[PDB]
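A lone chain, given as structure tokens: the form deposited in one PDB entry.
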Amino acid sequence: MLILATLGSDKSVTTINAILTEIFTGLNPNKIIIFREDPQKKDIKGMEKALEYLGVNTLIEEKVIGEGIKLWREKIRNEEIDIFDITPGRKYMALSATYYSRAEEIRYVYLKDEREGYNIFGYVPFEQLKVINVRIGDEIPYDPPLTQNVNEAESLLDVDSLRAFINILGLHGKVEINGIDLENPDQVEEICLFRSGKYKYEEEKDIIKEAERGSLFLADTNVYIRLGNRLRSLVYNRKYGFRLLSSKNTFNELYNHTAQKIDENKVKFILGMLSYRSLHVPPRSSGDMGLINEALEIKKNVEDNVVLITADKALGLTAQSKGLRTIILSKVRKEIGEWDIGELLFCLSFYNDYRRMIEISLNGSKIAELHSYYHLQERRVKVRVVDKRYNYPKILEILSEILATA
């Protein structure tokens, strides 16, 4: 029998990803033990079934050890551990597994920077994380197991899972994305590039600088339809947080084009509405005097610095004429290096349906195809896998449910 041990944490996603990295390096344990200091208090289900789809029939047992060091000296030797993974735990928990433990092998998966992780499995490229046997300091290679007992080709994935799907398929060989075309983009394709990050505005740097100074932001309708969920990364800072206010006028304009004929014009507003819903307004469709007026009203009533973000040059110039500090997205930059491929595919899938079945190909053979399916405030894409051996989105669906519950 092969016994695998790992550590529990408050963010169980790290423990989940630690196990999956252990699975994807060839290990097929008969039993997996998660050592955690405190009771779980959050029933998590589906890992056994998800592991079944990956050709691993294992039992997952949670062993609550307790809080304290001497307590971990004694109770960590009780089990006959074969391979011990010590990545997602506490420092002292990881150290308490190297010492006083009968584990034959102890390994750790290292990530270049710790901050990119803590999300769904496969989002981080596998070139940036490598599992290391801490005893001898070598890199054990990957051999990703294929999916078994695959029932449904269709699956529901968010943006992160779609990017994870691309990265996981990269382990097997060359993964090409056919049908993208691009070349000479139209009006909708241009904003699709902006939302993905392939196109950026030179004034996006101004948003970062103003975010560092701790200033309120009000974003125009075109900002949500062109920057999308990238507004979260542009505005968020550790010191002050997410200081992007929810404009009523922007919501009103998005709502008017959302509630009814799905033309290319309507696609822009639906994309902005999904971003608007995701960014703020966590849970009032009344009239408003406009984006400029609401910035002026807040400016005279608070001591915070009010900044107005817009892609409408006429609106931005008028806002500056009233004294407001305005960031006007005018200059366009190409070749930014890094962008979210998942956001690009999400926009292009939606755009293609209202203009071409764009597919994901591996080694010159089509593997999966995707379409756009929207209902309420859900940024979900349905991908259908035509290859029964690579139906990883089914596992990603289970993981997404696990992460959402946590």
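In this text, rigid core is short for the largest set of C-alphas that superpose within 1.5 Å between two forms. Residues carry their position along the shown sequence, with the first being 1.
As for the form deposited in another entry, it is not shown, yet the points below apply to it.
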TODO: Take the rigid core as the frame of reference and indicate whether the C-alpha of residue 85 shifts by 2 Å or more between the shown form and the other one.
DONE: no
- [ ] Indicate whether residue 165 shows a C-alpha shift of 2 Å or more between the shown form and the other one, with the rigid core used for the fit.
- [x] no
Open item on the list: Closer or farther: the C-alpha atoms of residue 17 and residue 275 in the other entry, versus the form shown, with a change of 3 angstroms or more?
Closed with: farther
